[PDB]
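To keep things clear, I will list the structure first and then write my remarks on it.
Protein chains: 2
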Amino acid sequence: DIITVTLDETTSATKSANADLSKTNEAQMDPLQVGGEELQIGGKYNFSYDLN
Amino acid sequence: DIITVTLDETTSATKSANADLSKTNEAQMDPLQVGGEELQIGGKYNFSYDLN
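For the protein sequence lines, the chains are V and W, in the order given. Residues in the first sequence are numbered from 4 upward in steps of one, following our numbering. Residues in the second sequence are numbered from 4 upward in steps of one, following our numbering.
In structure tokens:
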């Protein structure tokens, strides 16, 4: 038996995925000055730091 | 038995998170002058400081 087929096909598929991570640090301190002079810890260490 | 499936799928998912921290200090004092002369504590220390 003869049967006619209408070819009408349309398929479409998409997918996506993304990720992000970020972190930052910034800590800075000038040498501490008390009494007109620069404070010293130990023998050669200041009250200062720098992180980045 | 023949069953027709209509492919209609749509999924979407998002997520986000962020954080902040901040701190600052700024203390400054000029050398104290009383009586026309610069006050001295101990033998060599002023009344001044500088923090940052």
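Even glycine gets a Cβ: it sits at the ideal position worked out from N, Cα and C.
- Contact of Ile5 (chain W) with chain V is not assigned, every C-beta pair being separated by 9 Å or more.
- Between the beta-carbon of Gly46 (chain V) and that of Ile44 (chain W) there is about 23 Å, and that puts the pair past the 8 Å contact cut.
- At least one CB atom of chain V sits nearer than 9 Å to the CB of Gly45 (chain W).
- Between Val8 (chain V) and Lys18 (chain V), the alpha-carbon positions lie close to 32 Å from each other.
- Those residues of the stretch 14 to 35 of chain V placed with their C-beta closer than 8 Å to a C-beta in chain W are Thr14, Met32, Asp33 and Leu35, ordered along the chain.
- With a threshold of 9 Å between beta carbons, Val37 (chain V) makes contact with chain W.
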